[PDB]
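Notes follow the structure.
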Amino acid sequence: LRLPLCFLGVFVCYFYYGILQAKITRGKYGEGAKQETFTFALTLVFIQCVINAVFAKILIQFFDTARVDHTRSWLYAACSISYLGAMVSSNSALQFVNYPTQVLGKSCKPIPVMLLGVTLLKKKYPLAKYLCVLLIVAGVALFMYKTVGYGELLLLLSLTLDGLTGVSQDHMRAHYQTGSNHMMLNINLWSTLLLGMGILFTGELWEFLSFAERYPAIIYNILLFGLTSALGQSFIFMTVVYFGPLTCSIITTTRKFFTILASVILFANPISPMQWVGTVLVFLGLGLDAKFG
Amino acid sequence: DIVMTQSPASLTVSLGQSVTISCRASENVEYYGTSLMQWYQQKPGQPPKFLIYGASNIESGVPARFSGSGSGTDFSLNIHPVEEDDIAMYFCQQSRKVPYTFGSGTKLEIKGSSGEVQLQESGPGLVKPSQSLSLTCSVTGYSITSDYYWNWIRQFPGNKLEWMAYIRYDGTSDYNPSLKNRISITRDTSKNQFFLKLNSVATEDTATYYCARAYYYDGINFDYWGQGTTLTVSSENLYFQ
Ligand SMILES: Nc1ncnc2c1ncn2[C@@H]1O[C@H](COP(=O)(O)OP(=O)(O)O)[C@@H](O)[C@H]1O
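So the sequences go chain by chain: C and G.
Numbering (the working numbering) for the first sequence: 12 to 304.
Numbering (the working numbering) for the second sequence: 75 to 315.
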């Protein structure tokens, strides 16, 4: 049984998701004095979270109905706070730095968890791990160079919260056998609840509605962005169903390279060659960790 | 489902010796690098007592003598300074598949021969075949609406355990697939009880039924047990005991 459909699906869902995200965040709005840049990162994350929650509910209703979720409710909130914070920090970063920087920062996930395990928890790591971070750091340092700006601090906070979310998810999976769909649904529900509370409290839901009134065309794009975000995870899960995790690791590893490649060159940025080499070197750093698993 | 095999059926030990009990599962019980294994110690005519969950995670209050080991499909339990108290039966349980299964049990013998929950089982002792039956487990000192699983388990003659079913405090209930069409578990929170109903009990159902309180961590751990009620299904009457 050939399985190109899942690989395709992922590469056609998350790729377009990135395209819509770039359009929504960095998209030029207005002319002259009408340059009202998209500063409403909370509302889009809220929409994405609710769409993900509904899709996960559908998947649960259609798959593994017999499974019983043993995870405690308060566990989901603890991971969800960092999950939501990581999204808010990452999406907000687009307000100050170009898309390639954000995606590369997202590819920098190993450093937080690796740093924690090696220096905070005092756990030795193999040689390959101790060199993956070095290669990635060299690549990003070359890429970055031509107090600090908000974009870099936002990216750092996003990485820290992503590491915290990863460790919390690891703990809950280990000690509660939480399913993929159940965790997705629950963390999305908690995130959307907290985001609704905050957004209505801060009031920019009204201001976001005003912005939509000024530019009505945004709503058709934000909905599609959320739908693609949900479908990406839905098809990622489908890969496990069709075939075991051996394919899941491969698809994740190849996506972590294809997404950055497309966002770098296929996005048609005005990148100078002096900068592209840095992307090349971080590529030579990226994936090398997956070489040793 | 997963079958657990305990190779040493009976172990003859002398006090002070180090004893190891092996338990092999049919399928890999590893889930995300965590073993979903538990161990229980049963004294004669007593409910099992929970000892270990996963790999070497000794339950609080258990002596330091016991230690679990092994991963994948093969597991072992080691008692290095064996003492008089440890002479009992030992059961290995897996919590990787929705039917939780216990091993046949390994029996040790010696040569030369309010801060808790009170569970109380009740039900008819002797029953004719084909009759519907209902056992009631009443809980005192705790509210079944608080966070704890409440399970019905049974033990046939020969000391073979079989997890019948359970109900969670949310009202979510899980059944043994082999019995999903013969039993039903319900609860009454007003009186703090839960009932197990069996339809058309046959001679094979003769056994000792326990109601237990369990908490999920590295699997399912039946930490608290009731005294257990004996049920005998027969076409003829019995008296005097
Ligand atoms: N059996 C497994 N072995 C290794 N990794 C797994 C297994 N099951 C799930 N995962 C991990 O869970 C993650 C779920 O991905 P997900 O978070 O939905 O993607 P995204 O981060 O793009 O939303 C995958 O990246 C995958 O690596």
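Ideal Cβ positions, reconstructed from N, Cα and C, are used throughout, including at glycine.
- Nearest Cα to G:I95 within the set G:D75, G:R170, G:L182: G:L182.
- With respect to the C-alpha of G:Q267, the residue from G:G232, G:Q301, G:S196 having the closest C-alpha is G:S196.
- Taking a contact as a CB-CB distance under 8 Å, the pair G:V191 and G:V87 does not count as one, their CB atoms being some 33 Å apart.
- Within the same chain, Cβ atoms closer than 6 Å to the Cβ of G:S141 are found at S130, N152, the five residues on either side in sequence being excluded.
- Comparing C-alpha distances from C:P121 to each of C:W201, C:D173, C:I276 shows the shortest one belongs to C:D173.
- From the beta-carbon of G:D297, no residue of chain C is found nearer than 9 Å; the closest lies around 15 Å away.
- C:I62 and C:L238 have their C-alpha atoms some 7 Å from each other.
- The nearest non-hydrogen atom of ligand 1 is less than 6 Å from the C-beta of C:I247.
- Among the residues of the stretch 168-193 of chain C, those with a Cβ less than 9 Å away from any Cβ of chain G are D181, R184, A185, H186, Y187, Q188, in the order of the chain.
- Relative to ligand 1, the beta carbon of C:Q244 is positioned inside 6 Å of a heavy atom.
- DSSP, reduced to helix, strand and coil, places C:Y187 within a helical segment of the structure shown.
- Between C:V21 and C:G243 the beta-carbon gap is near 6 Å, inside 8 Å, which marks them as a contact.
- From the beta-carbon of C:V79, the residues of chain G found nearer than 7 Å are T246, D248.
- Beta-bridge pairing by DSSP links G:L151 to G:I95, G:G142.
- As DSSP reads the structure, C:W85 sits in no beta bridge.
- Each residue's CA atom was taken as its position, placing G:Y243 and G:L253 some 22 Å apart.
- Taking a C-beta distance under 7 Å as the contact criterion, C:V79 and G:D292 do not qualify as a contact pair.
- Looking at the backbone, the Cα of C:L211 and that of C:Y253 are separated by about 41 Å.
- Spanning the alpha carbons of C:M285 and C:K157 requires a straight line of approximately 7 Å.
- For G:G107, the residues of chain C that pass the 8 Å Cβ criterion are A185, in the order they occur in the chain.
- G:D292 reaches chain C at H186, counting residues in chain order whose Cβ is nearer than 7 Å.
- Residue G:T304 holds the alpha-carbon nearest to the alpha-carbon of G:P121 among G:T304, G:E104, G:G107, G:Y106.
- A distance of 7 Å or more separates the beta carbons of G:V103 and G:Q167.
- Using a C-beta cut-off of 8 Å, the stretch 212-231 of chain G makes contact with the stretch 284-301 of chain G, since at least three inter-stretch Cβ pairs fall below that distance.
- Under DSSP, G:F268 takes part in a beta bridge, and its partners are G:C211, G:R261.
- Here G:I218 carries a coil assignment [DSSP, helix/strand/coil].
- In the three-state reduction of the DSSP assignment, G:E133 falls in the coil class, being assigned neither a helical nor a strand state.
- Contact between C:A64 and C:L200 holds, with the beta-carbon distance rounding to 5 Å and staying under 8 Å.
- G:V172 reaches chain C at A77, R78, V79, counting residues in chain order whose Cβ is nearer than 9 Å.
- The closest heavy atom of ligand 1 lies 6 Å or more from the beta carbon of C:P121.
- Per DSSP, the continuous beta strand (DSSP E) segment holding G:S196 begins and ends at 192-196.
- When rounded, the separation of the alpha-carbon atoms in G:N250 and G:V172 is 7 Å.
- C:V108 sits close to C:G162, with the two beta carbons spaced by under 7 Å.
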